[PDB]
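Below you'll find the structure, written out as structure tokens, and then a few comments.
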Amino acid sequence: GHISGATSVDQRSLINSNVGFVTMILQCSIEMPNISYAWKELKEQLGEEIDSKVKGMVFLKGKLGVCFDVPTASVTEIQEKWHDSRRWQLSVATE
Numbered sequence: 001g002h003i004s005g006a007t008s009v010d011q012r013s014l015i016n017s018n019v020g021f022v023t024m025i026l027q028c029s030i031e032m033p034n035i036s037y038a039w040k041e042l043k044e045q046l047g048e049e050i051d052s053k054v055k056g057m058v059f060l061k062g063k064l065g066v067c068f069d070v071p072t073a074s075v076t077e078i079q080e081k082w083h084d085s086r087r088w089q090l091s092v093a094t095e
């Protein structure tokens, strides 16, 4: 077991990345010919009232994923309010 990698060797201000927004990463084992594929899965597990609370979701490479930005407060909501699934997995940004 190991989990690290949340820091750099550079800083500008006394909140370089600490709070604001953080991107998340979506993985599927199906082609997403539309973006609704991802949204419906989140809306199944976070409850349907999630679409006031995201920014411009964009398509990952392969077309077998998407990514989007949420506020850091809600970044920490989602991964407690998610259970990894039989095809869908969720990931979070490094910064």
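Numbering-wise, the deposited numbering puts 61 at position 61 of the sequence shown, and it's gapless, one number per residue.
C-beta: ideal position from N, C-alpha, C; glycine also.
Residue i, enclosing alpha helix (DSSP H) - first and last residue
i: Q45; result: 36 to 45
i: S17; result: Element bounds for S17: n/a, residue is neither H nor E.
i: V75; result: 72 to 78
Other residues of its chain near residue i: CB distance less than 7 angstroms, five sequence neighbours each side excluded
i: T94; result: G5
Same chain, Cβ closer than 8 angstroms to residue i, five either side skipped, listed in chain order
i: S29; result: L64, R87
i: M57; result: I35, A38, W39, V66, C67, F68
i: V54; result: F68, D69, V70
i: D84; result: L90
Residue i to residue j span [Cα, whole Å]
i: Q89; j: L26; result: 6 angstroms
i: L60; j: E31; result: 11 angstroms
i: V92; j: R12; result: 23 angstroms
i: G1; j: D10; result: 27 angstroms
i: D51; j: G62; result: 24 angstroms
i: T7; j: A73; result: 19 angstroms
i: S17; j: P33; result: 33 angstroms
Beta-carbon contacts of residue i that lie in its chain and below 6 angstroms, excluding the five residues immediately before and after
i: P71; result: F21
i: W82; result: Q45, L90
i: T23; result: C67, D69, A93
For residue i, the first and last residue of its enclosing beta strand (DSSP E)
i: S91; result: 89 to 92
Check: Counting pairs of beta carbons, one from the region 74 to 91 and one from the region 36 to 50, are three or more of them closer than 8 angstroms?
Finding: yes
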